[PDB]
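Numbering-wise (UniProt numbering), the sequence shown opens with residue 34 and increments by one.
Below: the structure, in structure tokens.
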Amino acid sequence: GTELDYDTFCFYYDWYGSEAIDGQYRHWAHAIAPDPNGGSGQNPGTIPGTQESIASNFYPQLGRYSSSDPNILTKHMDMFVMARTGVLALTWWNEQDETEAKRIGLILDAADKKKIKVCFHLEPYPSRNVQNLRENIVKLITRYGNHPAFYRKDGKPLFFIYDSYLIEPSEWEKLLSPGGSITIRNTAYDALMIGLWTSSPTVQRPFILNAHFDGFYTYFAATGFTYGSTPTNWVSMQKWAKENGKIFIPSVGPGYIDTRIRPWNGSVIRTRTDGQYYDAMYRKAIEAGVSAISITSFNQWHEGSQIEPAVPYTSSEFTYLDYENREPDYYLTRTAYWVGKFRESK
Ligand SMILES: CO[C@H]1O[C@H](CO)[C@@H](O)[C@H](O)[C@@H]1O[C@H]1O[C@H](CO)[C@@H](O)[C@H](O)[C@@H]1O[C@H]1O[C@H](CO)[C@@H](O)[C@H](O[C@H]2O[C@H](CO)[C@@H](O)[C@H](O)[C@@H]2O)[C@@H]1O
């Protein structure tokens, strides 16, 4: 009851910087988003990423850390071990820069020391399309496929494709149908491709089938934000997946709040209630009978979905939220509890 689960995927963000490593507190400093339904000439400003004012409603136990600090990465991997989460699902933005390449290598190396695996979460990078996706899948498999920490399920890499609906099924078919013009099927670069189920079944069922995804996930930590992130739909989504040979990987999270960076987005807040929100969502995933679960998130601090330890903090600029009345590592240990319950059902 302590071993890592390799059907549990925790969404991980590698975009943080520190003075120690990067020379800048990247992402801890963040622009504030204008209200999309507000007026013109909004000047919302920026969170400066100082000790006192960071781009989160919570405050990390590890402080304003760098994602490129090997000592932080060690600690993160120990946290994954505590949580029993065997797969780190790494955000990937196609930055095409030496710092990205360095960081990915460091993350893989750190993960392997703890027998954690790494897969990629392919984000909506500029001009993303099925041809450059193929090229990037080839690149990532070529670069990292022989690293011992690179994840495979029954011999195949796995990719989560965020906002897959931004690409038409007629394009996806070219990449993902066995007869597709630029198919990866039956090639050295074949992979499990997990698309994002957002809206109602009348839209999503034909999308997933016609695009030839291997499965689907839901991402959002906030219950009811989409049809897919409404857990009362999960039993029927799983039934459909099973009938159609698809892998359903529902996403569970401990809460949501992003109002430091999106002050206008308060309707999406989901309160943690000392763990009860996380418990309800994880229980529903398990009860749906799925074979894999994803966790939003390890460390999306901007969106308040993180399970990474947070500490009480009041500064002159902001009174942060915290996990009280639970301890800083509560969400790691509660994840381990749920991983056990999930395994009991597998
Ligand atoms: C209305 O758009 C949201 O909801 C749609 C579904 O109805 C999604 O398809 C769409 O992508 C939008 O969801 C993202 O944005 C909202 C805010 O509008 C967040 O609440 C969501 O959680 C989601 O964004 C997060 O997850 C994405 C996957 O990892 C990631 O791409 C996002 O990154 C963006 O926001 C962060 C700030 O939190 C910013 O630093 C990044 O540069 C990027 O702009 C985010 O993690």
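We put the beta carbon where it would ideally sit given N, CA and C, even for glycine.
Taking each of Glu-357, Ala-134, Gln-339, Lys-272 in turn and checking the Cα distance to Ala-116, the smallest one comes out for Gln-339. Taken atom to atom, the span from the alpha-carbon of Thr-259 to that of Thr-231 is near 6 Å. Taking a cut-off of 8 Å for Cβ pairs, the segment 57–69 and the segment 111–125 do not touch, as fewer than three such pairs fall below it.
Of the candidates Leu-208, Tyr-252, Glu-201, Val-344, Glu-201 places its Cα closest to the Cα of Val-236.
When C-beta atoms of the segment 267–274 are compared with those of the segment 299–308, fewer than three pairs fall below 8 Å, so the two segments do not count as touching. Less than 9 Å divides the Cβ of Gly-257 from the Cβ of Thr-263. With contacts defined as CB atoms closer than 9 Å, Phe-192 and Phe-42 fail to qualify as a contacting pair. Taken from the Cβ of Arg-295, at least one heavy atom of ligand 1 lies inside 8 Å.
Here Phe-246 carries a coil assignment [DSSP, helix/strand/coil].
Taken from the Cβ of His-180, every heavy atom of ligand 1 lies 8 Å or farther away.
Runs of the beta strand (DSSP E) lying entirely within the segment 290–349, each at least 3 residues long, are 326–328 in chain order.
Comparing alpha carbon positions, the residue from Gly-74, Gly-78, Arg-97 closest to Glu-85 is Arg-97. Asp-47 has its CB no nearer than 8 Å to any heavy atom of ligand 1. Of all C-beta pairs linking the segment 77–92 to the segment 148–164, fewer than three are shorter than 8 Å, placing the two stretches out of contact. Shown here, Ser-51 sits in coil according to DSSP, grouped into three states, outside any helix or strand. Below 8 Å, enough C-beta pairs join the segment 87–102 and the segment 329–338 to call them touching: three or more.
Here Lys-374 carries a helix assignment [DSSP, helix/strand/coil]. By the Cβ criterion, the segment 353–362 is not in contact with the segment 316–326, since fewer than three pairs of Cβ atoms, one from each stretch, lie closer than 8 Å. A direct Cα-Cα distance of roughly 47 Å separates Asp-55 from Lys-272. Nearest to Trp-371 by alpha-carbon distance, out of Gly-286, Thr-292, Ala-182, is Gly-286. CA-to-CA, the gap between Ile-217 and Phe-331 works out to about 30 Å. The Cβ atoms of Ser-324 and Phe-281 sit closer than 9 Å to each other. DSSP lists no bridge partner for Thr-235. Closest in C-alpha terms to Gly-212, from the list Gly-299, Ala-244, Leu-354, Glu-168, comes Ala-244.
Straight-line measurement puts the Cα of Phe-183 at about 7 Å from the Cα of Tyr-177.
Counting only residues of its own chain and dropping the five nearest sequence neighbours on each side, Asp-47 has a CB closer than 7 Å to the CB of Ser-100, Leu-123, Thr-124, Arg-136, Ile-140. Within a 10 Å sphere around the beta-carbon of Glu-341 sit 16 or more other beta-carbons, which makes this residue buried. In the same chain as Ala-343, and ignoring 5 residues on each side of it, the C-beta atoms closer than 7 Å to its own belong to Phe-91, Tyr-92, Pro-93, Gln-94, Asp-355, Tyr-356, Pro-361, in chain order. Cβ-Cβ separation between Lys-279 and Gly-308: approximately 31 Å, too far for a contact (criterion under 8 Å).
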